[PDB]
There are 6 protein chains.
Amino acid sequence: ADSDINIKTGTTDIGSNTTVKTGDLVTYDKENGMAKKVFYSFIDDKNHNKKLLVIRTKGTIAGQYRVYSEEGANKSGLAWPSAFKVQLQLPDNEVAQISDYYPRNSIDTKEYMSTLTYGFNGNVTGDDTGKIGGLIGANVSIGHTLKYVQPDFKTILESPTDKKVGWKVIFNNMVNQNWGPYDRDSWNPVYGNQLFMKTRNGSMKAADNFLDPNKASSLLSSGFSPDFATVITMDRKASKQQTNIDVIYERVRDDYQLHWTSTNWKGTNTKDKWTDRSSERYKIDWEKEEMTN
Amino acid sequence: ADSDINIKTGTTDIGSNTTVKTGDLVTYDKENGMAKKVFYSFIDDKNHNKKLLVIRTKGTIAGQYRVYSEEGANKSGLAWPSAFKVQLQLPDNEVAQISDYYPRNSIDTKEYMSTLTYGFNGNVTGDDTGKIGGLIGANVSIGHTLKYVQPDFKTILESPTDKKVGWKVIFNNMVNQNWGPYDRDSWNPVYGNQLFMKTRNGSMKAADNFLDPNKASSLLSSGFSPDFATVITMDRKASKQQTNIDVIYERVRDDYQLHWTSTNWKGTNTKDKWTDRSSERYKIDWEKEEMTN
Amino acid sequence: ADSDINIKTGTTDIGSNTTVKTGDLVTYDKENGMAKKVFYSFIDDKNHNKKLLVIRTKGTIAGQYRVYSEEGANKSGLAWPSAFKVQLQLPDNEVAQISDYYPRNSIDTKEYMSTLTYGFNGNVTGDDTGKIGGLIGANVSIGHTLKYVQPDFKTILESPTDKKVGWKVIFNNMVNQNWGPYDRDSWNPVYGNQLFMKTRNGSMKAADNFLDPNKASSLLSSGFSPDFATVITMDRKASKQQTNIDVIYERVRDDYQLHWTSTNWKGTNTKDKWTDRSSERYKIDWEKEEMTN
Amino acid sequence: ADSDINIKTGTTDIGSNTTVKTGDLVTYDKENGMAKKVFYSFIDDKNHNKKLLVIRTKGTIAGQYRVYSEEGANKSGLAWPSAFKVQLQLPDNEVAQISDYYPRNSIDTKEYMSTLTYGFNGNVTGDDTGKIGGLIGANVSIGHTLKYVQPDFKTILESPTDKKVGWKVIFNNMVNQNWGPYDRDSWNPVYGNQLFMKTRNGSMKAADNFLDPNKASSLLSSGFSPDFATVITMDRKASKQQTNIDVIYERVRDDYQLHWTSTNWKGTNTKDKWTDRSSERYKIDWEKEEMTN
Amino acid sequence: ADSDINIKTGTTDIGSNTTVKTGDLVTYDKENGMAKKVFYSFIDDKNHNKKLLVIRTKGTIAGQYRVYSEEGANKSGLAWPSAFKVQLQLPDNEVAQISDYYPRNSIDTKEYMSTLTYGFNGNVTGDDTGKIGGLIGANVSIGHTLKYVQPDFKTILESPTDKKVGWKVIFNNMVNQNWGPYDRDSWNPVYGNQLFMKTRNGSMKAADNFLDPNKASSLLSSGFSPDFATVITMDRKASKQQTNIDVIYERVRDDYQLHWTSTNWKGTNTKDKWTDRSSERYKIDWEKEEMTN
Amino acid sequence: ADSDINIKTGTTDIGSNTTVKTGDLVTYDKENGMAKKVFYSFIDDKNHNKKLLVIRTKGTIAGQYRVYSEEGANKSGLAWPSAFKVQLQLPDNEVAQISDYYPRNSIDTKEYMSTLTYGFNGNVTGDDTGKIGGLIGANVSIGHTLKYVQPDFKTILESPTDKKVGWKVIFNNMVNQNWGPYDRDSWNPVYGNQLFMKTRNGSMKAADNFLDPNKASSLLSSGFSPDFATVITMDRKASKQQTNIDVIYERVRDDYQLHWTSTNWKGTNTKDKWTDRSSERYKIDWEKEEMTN
């Protein structure tokens, strides 16, 4: 930061002595259950070598945790969102470029703990029969503990270019009624993958044996609200001062299935079975400082 | 945030050099025990592509933890609020759109901890009878701990469109005199669902065997105070500059019942037995910047 | 908050470009041991659709932890405050309305923790008699911990209307010289309710066997200092621009009794035995922007 | 706070557009070891219904941890401060009132923790004599822990009126060389009250057997520095515009005694043996805005 | 900081009363999978003895976690990024100098904990055969725990000169499905280096036995986003007012191999097998305050 | 604070609309190893009833951890600083007074924790001889833990008057290579006081058997940097407008001695063996607003 290098805070920032033009474009995609919002800002600071557009992609991609199959009362399936994604792309031949984006991938950490105990102990026994007994003992104990935080979903920056950027918010793992965490690959030899299994051997129909949505990450039903920022830079001298950009919002759904064996419930998870893509083109007008869809 | 992408803090925000018009509209619905308050703000920032209205839905929905039935001294029932909801909806044909809303669903987390211990230990025994004994031993120990926060109620953003948004504040689980937590589905083979059971086998009448409201989440009696924000955007060019909007406040009540067996008290819980809906239409005047009810 | 929805912090707030008129009214009620203070502010912001009055109810309600009866040296009683309350009410026919209030009821939470440990261990025994012995062992361990905060008193918002609001600060539970917590319903078959019992079988007179007030919540003796805010809104167009409001401060006292059995001390607690209500009417003048009592 | 009720921070506060007159009055009371300082501020804000005086009582009451008696080398006593107090009082006849005071008594809390562990374990024994043995075992464990903070001294607001306010800072409990805590009533059948006892059976003279003051709360020797605020309000219309006010600073000392039995040291504590009171009258001039002593 | 040495905060900082010229240069290196962004700022403060340029090197170096070989179904290899690097260098003969850089190397810490427990215990035994027994025992236990945080990657400032500076972000260690941490040198006699091994003896092909990328540091796939600052100072008096500077972004990849023994999977890691270097020259114009590439 | 009593933050403070005159006086006392710095500020605010001088006493008193005696190779001594002190005193007859000082003595606290565990357990034994055995058991456990912070040195305000104030920074206790803490009175029957003893029975000369200063609090060698504030108030009316003030900096050294017994090293500590006092008189000129030495 500025102060670490002896510079008054906010001296190197863009956007003082400049009117900034902003706007909202909201599109609801009924077919894909995605409320899409772009909030943009043009910043033409004459002390900066280029024009800037900051595009904030917001809105909410519905989870759409749908209990689908019902082929008997022994078999049931749940489509669930294992990934949410937002991507932006400038066409191949445009002069505008992707200059920055937030957030980015941060370095994860963990606490490591080692312990060492030495112990000495003694005994003196004795009955009324006048018999005395004794014990001298020692022990060593070496321990290690590893402690880290595990978010239900991880938010990842996909490797940008100067023409494309995106994020994926991927299912990581989750607690199911105090057991777990379970994840997409959990495997118990008897119960299979218990990720969304309500009971090991309850006697309801299959379709009633999924974890109550209220007891699961609320991103799985009500859905995820992106909050991502992209900065696009544009040369003042360029011939063409109109740029197109494509924004895709994406839901990736896995397929969690329950079946009754003879004795108990067993779950399966299949990765990436369905993908919903909602694609929109936006027109960036650098002269008027407007985005339209 | 602005500074992550080299931009002076608050450059891209809306609402400088603008008079903002605000107001309060308060309606008490006596029949449903809901104090409803809208606090609104019109922000017409000429550097923004659209007019904005921020609607804050506040007030307090009473819990209404009512001990109802009394059919003998063996049977009693308690109506209790398992969910509170606030929803806003712009009619089908309006040009105004829902642009934003706060709060949203955030990613839940958990702490995971694993431990490994190795142990060596030794003995020398001995009595007065001159008899010497000895012991050499080892042990391994693998451990895991999972730690996470469990609020009494969860606050959840329901999947928005460009025409509707709502929140539901749903009962999650709760401690009953240091036991539990219990939830809507708790089931002990003998005591049933102990969620609101004061005693396992006290000899009061049924109606006196419910947990003291003061010892339960105060949302259950005194009630919940919504504090939600919705942003509505409107085109300056639209022909009709008057918008209608509906706000519903909602209480969902479960039915917790106690009955005496021969030996002890048993509780049952039935989901979503009663719903109270309080609906209000508001008129948004974009030219005069007033909301009325 | 403003920034979450792309709005410059404090844009939607009331009370810029406005002189605010404030005042203090202090009344001491000698009979009921209540110092009552109203601090008010009229905020007439012309960009807001209504006039506002913010009424802050402060002061201090003395605890009045009185050791009362002394009928012998075997029997004694303690009056103690189990609840403090502040309530405001606008008369039935007034046009002013209660628009807001702080604080409100917060969602309580709790930390849940589960542990699982597996263990293997081995032995080699041996005496001087040349005899060798052996042991192989295993173990499982499943654990859970629940952790939550328990304040001595809870502060609760009573379900408001548009005409009334109040808070009650109620006794929750308390530690007695490192035992407990105890509460209003604690019951040990031998000692009864030990809430304020200094000793199980000391030989002082009963009146000397109550916990030292310095070792209890200081709300019990020195008392409670309310700090509550109520916002009243009024129409600029109303005919009547004078409004009455009533404020009650209230102390509810329980009755904790000690008696000697043949062997030990036993305590009893009786709920809500005495109530002290101090009522004041205030006159709100919206034209002059004054409150008087 | 302002923002909780949609109001720009600091709108409702007193004291903009006002010259504030302040002053210091310092008095040292040599007999009682009390440095007394009043820092005052008159705020006449014309938008407030009354004139205000903020009186801050500061300075330092010396502890005066004196090892006093020495009647032999078997008997010794220690005078030590168990309480410090500051009180302000407006005479009977005054029209000025005490309007506020800080700090106040806040609600104490505690963390409660419950634990439940189930355990299974197995064995297989065996010697060279071909003899096989076996063990199957189970265990349950229910736990509770209570966790709270215990300051060495508690700071308590004494129940104010409109004419008097005071604080007492009272000894709560203390650690003695890692043992305890002990308090004023600690009682071990053999050692008595060990609060300030250096050793159980050292062979120094009694006067050398007290805890080193540097190893005790520093309030006990170097003393306590009050930092309390009182607000006095006065009517602009009042006839007499001069107000008297009395301030007492108080030290209460207990008497901790050591005596040798035949075998060990035994300690006694006697409550409230000596009280030092330093009283000062201050003249408040509301027309000139000065306080004098 | 300023205030620690009695100086008004921000008095000693550079860059008030000065127009600052900034710019963005973005270059995507397709061959090396590196998005490179330079954000620069020239600050010519006339109260400072030299001109300054702050160069912020950002963008993203893709991880490029490629599962490469497939020579049978017994042998597979993974190229993975063990280091990312950014370096700046001024040519030999330039008068400009590297003056500062952020971040720098921090002192790491660790918590140390020692424990001592003494234990006494006693028994009285007895059967129906009238026989009485007894046990007296003691134990000592001396313990230590060491606790520290271990990031997945460390960020290190390479020893600067006045002509060069760089950072390397190097793989440190990582958790593999709750085991580990493992690092580049982990060696288990049977399993080899388990760093990226999914299973010890699953029966898939080798290429399917690598840890799921979503379960590993996201720096390994999606990649690292540098965020580094360099300050270059230049003399006003210098004859040549143009400076060249080279910036290298670098990916170092290790080679993790899996092979089947007869019984289980074994992993190997070879350090620094592939290096990708992307080099760019930039032209600094001190008179016009522009950087170009 | 201001806001607790409804007053705009910083309204009651001294020192707006006032030129403040400040200065530094530095004196190094070579003989006593004390760098003494006074930083002062005169604040003559006409809205305050008196003139103020703030005197900040800074600099550094060197530790002077000197291994002194060497009378053989069996006996050695270490002079070490057990206290550092700064005091200010206005002569008897001066009209100026000490009005305030920072820091002051704060109330210490501690965390207290109690635990109660109940346990039930069972067994089934058995040999090949067909013989079955059994065990039923219970256990109780009552626990307490006490947790508090112990700084190496305590910083204490000595009881001020209106004419004198000082601080002492006194040695409290310390860890010696992970053992201890030890303090001035530690006493082990065999090793004596181990405070600064490097080894129990190493065979170096005594002078080489002291703890490495780098492994001890750095106040013990490199020394202590006072940072204390005193406020002096003066009447505008006074005849004499010149005030003298004395500032003493002080080092108190204990004497830790090691001697070899026949078998091991034994340490002694003697309190307060050497005192170094560095005294300076300063002249305060209230008319010119200067301090000189």
# chains A, B, ... in the order shown; residues from 1 in each chain; ligands from 1

call {"tool": "residues_around", "arguments": {"residues": "residue 72 (chain B)", "least_positions_apart": "3", "cutoff": "10 Å", "atoms": "only C-alpha atoms", "output": "PyMOL selection string"}}
result
chain B and resi 69+75-76+205-207

call {"tool": "write_last_selection", "arguments": {"atoms": "N, CA, C and O atoms", "output": "PDB file, in the first residue's frame"}}
result
ATOM      1  N   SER B  69     -54.583 -25.574  22.349  1.00  0.00           N
ATOM      2  CA  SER B  69     -55.527 -26.589  22.772  1.00  0.00           C
ATOM      3  C   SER B  69     -55.386 -26.775  24.277  1.00  0.00           C
ATOM      4  O   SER B  69     -54.346 -26.461  24.862  1.00  0.00           O
ATOM      5  N   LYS B  75     -53.340 -33.508  27.128  1.00  0.00           N
ATOM      6  CA  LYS B  75     -53.068 -33.114  25.755  1.00  0.00           C
ATOM      7  C   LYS B  75     -53.024 -31.585  25.645  1.00  0.00           C
ATOM      8  O   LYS B  75     -53.895 -30.859  26.130  1.00  0.00           O
ATOM      9  N   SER B  76     -51.965 -31.098  25.000  1.00  0.00           N
ATOM     10  CA  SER B  76     -51.835 -29.673  24.794  1.00  0.00           C
ATOM     11  C   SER B  76     -51.067 -29.416  23.507  1.00  0.00           C
ATOM     12  O   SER B  76     -50.275 -30.242  23.065  1.00  0.00           O
ATOM     13  N   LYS B 205     -50.244 -30.282  34.524  1.00  0.00           N
ATOM     14  CA  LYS B 205     -51.071 -30.461  33.334  1.00  0.00           C
ATOM     15  C   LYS B 205     -50.240 -30.149  32.078  1.00  0.00           C
ATOM     16  O   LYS B 205     -49.220 -29.463  32.143  1.00  0.00           O
ATOM     17  N   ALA B 206     -50.694 -30.671  30.939  1.00  0.00           N
ATOM     18  CA  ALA B 206     -49.944 -30.623  29.696  1.00  0.00           C
ATOM     19  C   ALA B 206     -49.568 -29.181  29.359  1.00  0.00           C
ATOM     20  O   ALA B 206     -48.409 -28.883  29.071  1.00  0.00           O
ATOM     21  N   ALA B 207     -50.556 -28.298  29.497  1.00  0.00           N
ATOM     22  CA  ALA B 207     -50.436 -26.892  29.164  1.00  0.00           C
ATOM     23  C   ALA B 207     -49.372 -26.191  30.016  1.00  0.00           C
ATOM     24  O   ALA B 207     -48.966 -25.073  29.689  1.00  0.00           O
TER      25      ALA B 207
END

call {"tool": "residues_around", "arguments": {"residues": "region 153-169 of chain D", "least_positions_apart": "2", "cutoff": "6 Å", "atoms": "only C-alpha atoms", "output": "list in words"}}
result
residues 28, 35, 62 and 222 of chain C; 83, 84, 85, 86, 87, 88, 89, 90, 97, 98, 104, 105, 151, 171 and 172 of chain D

call {"tool": "closest_atom_pairs", "arguments": {"of": "chain B", "to": "chain D", "cutoff": "9 Å", "atoms": "only C-alpha atoms", "output": "JSON lines"}}
result
{"residue": "B:39", "atom": "CA", "partner": "D:6", "partner_atom": "CA", "distance": 8.4}
{"residue": "B:178", "atom": "CA", "partner": "D:114", "partner_atom": "CA", "distance": 7.5}
{"residue": "B:179", "atom": "CA", "partner": "D:114", "partner_atom": "CA", "distance": 8.6}

call {"tool": "write_last_selection", "arguments": {"atoms": "C-alpha atoms", "output": "short mmCIF file (atom, residue, chain, number, x, y, z; two decimals), in the first residue's frame"}}
result
data_model
loop_
_atom_site.label_atom_id
_atom_site.label_comp_id
_atom_site.auth_asym_id
_atom_site.auth_seq_id
_atom_site.Cartn_x
_atom_site.Cartn_y
_atom_site.Cartn_z
CA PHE B 39 -38.43 3.50 4.54
CA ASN B 178 -28.97 -27.06 27.86
CA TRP B 179 -30.16 -30.12 25.93
#

call {"tool": "residues_around", "arguments": {"residues": "residue 185 (chain B)", "least_positions_apart": "2", "cutoff": "10 Å", "atoms": "only C-alpha atoms", "output": "ChimeraX atom specification"}}
result
/A:212 /B:173,182-183,187-188,192-195,268-271

call {"tool": "residues_around", "arguments": {"residues": "region 43-50 of chain A", "least_positions_apart": "2", "cutoff": "7 Å", "atoms": "only C-alpha atoms", "output": "compact mmCIF listing (two decimals) with N, CA, C and O atoms, in the first residue's frame"}}
result
# COMPACT_ATOMS: atom_id res chain seq x y z
N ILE A 14 -6.59 6.14 -9.53
CA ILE A 14 -7.32 6.66 -10.66
C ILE A 14 -8.66 7.22 -10.15
O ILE A 14 -9.31 6.59 -9.30
N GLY A 15 -9.05 8.41 -10.68
CA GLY A 15 -10.44 8.80 -10.67
C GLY A 15 -10.80 10.04 -9.85
O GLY A 15 -11.99 10.27 -9.59
N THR A 18 -12.80 13.94 -12.03
CA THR A 18 -13.38 13.25 -13.17
C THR A 18 -14.85 12.98 -12.82
O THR A 18 -15.13 12.36 -11.79
N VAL A 20 -17.84 10.56 -13.45
CA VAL A 20 -17.85 9.16 -13.73
C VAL A 20 -19.27 8.84 -14.17
O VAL A 20 -20.23 9.21 -13.49
N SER A 41 -19.14 1.39 -14.66
CA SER A 41 -18.68 2.76 -14.46
C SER A 41 -17.59 3.08 -15.45
O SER A 41 -16.56 2.39 -15.52
N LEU A 52 -11.16 3.72 -18.86
CA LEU A 52 -11.46 2.55 -18.06
C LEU A 52 -12.98 2.41 -18.04
O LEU A 52 -13.71 3.41 -17.90
N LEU A 53 -13.37 1.13 -18.02
CA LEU A 53 -14.71 0.73 -17.69
C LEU A 53 -14.59 -0.35 -16.60
O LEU A 53 -13.85 -1.33 -16.75
N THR A 233 -9.76 -1.64 -20.24
CA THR A 233 -9.07 -0.43 -20.64
C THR A 233 -9.15 -0.28 -22.15
O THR A 233 -9.17 -1.27 -22.86
N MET A 234 -9.20 0.99 -22.59
CA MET A 234 -9.35 1.32 -24.00
C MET A 234 -8.49 2.56 -24.30
O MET A 234 -8.51 3.59 -23.60
N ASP A 235 -7.79 2.45 -25.42
CA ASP A 235 -6.95 3.49 -25.98
C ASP A 235 -7.77 4.71 -26.45
O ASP A 235 -8.78 4.58 -27.14
N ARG A 236 -7.33 5.92 -26.11
CA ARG A 236 -8.08 7.08 -26.58
C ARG A 236 -8.01 7.23 -28.10
O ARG A 236 -8.98 7.67 -28.70
N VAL E 20 -0.23 13.58 -10.63
CA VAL E 20 0.38 12.29 -10.77
C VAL E 20 -0.09 11.74 -12.10
O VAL E 20 -1.30 11.73 -12.36
N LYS E 21 0.83 11.21 -12.91
CA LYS E 21 0.36 10.64 -14.16
C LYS E 21 0.40 9.11 -14.05
O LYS E 21 1.43 8.55 -13.67
N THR E 22 -0.71 8.44 -14.39
CA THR E 22 -0.71 6.99 -14.26
C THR E 22 -1.01 6.32 -15.61
O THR E 22 -1.46 6.96 -16.56
N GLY E 23 -0.85 5.00 -15.68
CA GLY E 23 -1.22 4.28 -16.89
C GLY E 23 -1.23 2.75 -16.65
O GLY E 23 -0.73 2.28 -15.63
N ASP E 24 -1.84 2.02 -17.60
CA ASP E 24 -1.96 0.57 -17.67
C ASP E 24 -1.38 0.09 -18.98
O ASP E 24 -1.62 0.67 -20.04

call {"tool": "atom_distance", "arguments": {"atom1": "CA of residue 9 (chain E)", "atom2": "CA of residue 226 (chain F)"}}
result
21.5 Å

call {"tool": "atom_distance", "arguments": {"atom1": "CA of residue 204 (chain B)", "atom2": "CA of residue 190 (chain B)"}}
result
19.0 Å

call {"tool": "closest_residue", "arguments": {"among": "C:215, C:11, C:115, C:59", "to": "residue 26 (chain C)", "atoms": "only C-alpha atoms"}}
result
C:59

call {"tool": "select_by_dssp", "arguments": {"residues": "region 58-277 of chain D", "states": "strand (DSSP E)", "output": "number ranges by chain"}}
result
D: 58-61, 66-70, 75-89, 97-102, 111-127, 132-149, 153-158, 164-171, 174-176, 179-182, 228-234, 242-260, 265-277

call {"tool": "residues_around", "arguments": {"residues": "residue 116 (chain A)", "least_positions_apart": "4", "cutoff": "9 Å", "atoms": "only C-alpha atoms", "output": "JSON list (two decimals) with N, CA, C and O atoms, in the first residue's frame"}}
result
[["chain", "number", "residue", "atom", "x", "y", "z"],
["A", 140, "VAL", "N", 5.80, -41.96, 26.90],
["A", 140, "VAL", "CA", 6.05, -40.88, 25.98],
["A", 140, "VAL", "C", 4.83, -40.82, 25.08],
["A", 140, "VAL", "O", 4.12, -41.83, 24.90],
["A", 141, "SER", "N", 4.62, -39.61, 24.53],
["A", 141, "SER", "CA", 3.50, -39.32, 23.67],
["A", 141, "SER", "C", 3.93, -38.22, 22.70],
["A", 141, "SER", "O", 4.37, -37.14, 23.10],
["A", 142, "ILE", "N", 3.88, -38.54, 21.41],
["A", 142, "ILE", "CA", 4.14, -37.57, 20.37],
["A", 142, "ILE", "C", 2.83, -37.38, 19.61],
["A", 142, "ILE", "O", 2.14, -38.35, 19.29],
["A", 143, "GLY", "N", 2.47, -36.11, 19.39],
["A", 143, "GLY", "CA", 1.19, -35.76, 18.79],
["A", 143, "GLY", "C", 1.32, -34.77, 17.63],
["A", 143, "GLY", "O", 2.24, -33.95, 17.58],
["E", 142, "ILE", "N", 5.13, -33.89, 32.06],
["E", 142, "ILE", "CA", 5.72, -32.66, 31.56],
["E", 142, "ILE", "C", 5.48, -32.65, 30.06],
["E", 142, "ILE", "O", 5.70, -33.67, 29.41],
["E", 143, "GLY", "N", 4.97, -31.52, 29.54],
["E", 143, "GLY", "CA", 4.49, -31.47, 28.17],
["E", 143, "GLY", "C", 4.98, -30.22, 27.42],
["E", 143, "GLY", "O", 5.28, -29.17, 28.01],
["E", 144, "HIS", "N", 4.99, -30.31, 26.10],
["E", 144, "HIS", "CA", 5.16, -29.10, 25.33],
["E", 144, "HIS", "C", 4.39, -29.20, 24.02],
["E", 144, "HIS", "O", 4.22, -30.28, 23.47],
["E", 145, "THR", "N", 3.84, -28.07, 23.59],
["E", 145, "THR", "CA", 3.15, -27.95, 22.32],
["E", 145, "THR", "C", 3.75, -26.76, 21.55],
["E", 145, "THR", "O", 4.06, -25.70, 22.13]]

call {"tool": "select_by_dssp", "arguments": {"residues": "region 58-282 of chain B", "states": "helix (DSSP H, G or I)", "output": "PyMOL selection string"}}
result
chain B and resi 206-208+213-215+218-220

call {"tool": "residues_around", "arguments": {"residues": "residue 54 (chain A)", "least_positions_apart": "6", "cutoff": "6 Å", "atoms": "only C-alpha atoms", "output": "MDAnalysis selection string"}}
result
chainID A and resid 40:41 230:231

call {"tool": "residues_around", "arguments": {"residues": "residue 208 (chain E)", "least_positions_apart": "4", "cutoff": "12 Å", "atoms": "only C-alpha atoms", "output": "ChimeraX atom specification"}}
result
/E:67-70,73-78,196-199,202-204,212-213,258-259,265

call {"tool": "atom_distance", "arguments": {"atom1": "CA of residue 149 (chain C)", "atom2": "CA of residue 217 (chain B)"}}
result
13.0 Å

call {"tool": "decode", "arguments": {"residues": "region 66-81 of chain A", "atoms": "C-alpha atoms", "output": "PDB file, in the first residue's frame"}}
result
ATOM      1  CA  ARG A  66     -34.745 -30.287  -7.841  1.00  0.00           C
ATOM      2  CA  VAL A  67     -35.834 -33.763  -6.701  1.00  0.00           C
ATOM      3  CA  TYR A  68     -36.434 -35.243 -10.087  1.00  0.00           C
ATOM      4  CA  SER A  69     -36.790 -38.957 -10.639  1.00  0.00           C
ATOM      5  CA  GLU A  70     -39.442 -40.978  -8.906  1.00  0.00           C
ATOM      6  CA  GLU A  71     -39.269 -44.448 -10.517  1.00  0.00           C
ATOM      7  CA  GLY A  72     -40.992 -46.467  -7.767  1.00  0.00           C
ATOM      8  CA  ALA A  73     -40.484 -45.704  -4.063  1.00  0.00           C
ATOM      9  CA  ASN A  74     -36.994 -47.280  -4.062  1.00  0.00           C
ATOM     10  CA  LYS A  75     -35.206 -44.882  -6.429  1.00  0.00           C
ATOM     11  CA  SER A  76     -34.888 -41.116  -6.390  1.00  0.00           C
ATOM     12  CA  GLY A  77     -32.590 -38.453  -7.758  1.00  0.00           C
ATOM     13  CA  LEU A  78     -31.568 -34.875  -6.906  1.00  0.00           C
ATOM     14  CA  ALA A  79     -30.096 -32.392  -9.409  1.00  0.00           C
ATOM     15  CA  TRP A  80     -28.019 -29.911  -7.415  1.00  0.00           C
ATOM     16  CA  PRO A  81     -25.662 -27.010  -8.277  1.00  0.00           C
TER      17      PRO A  81
END
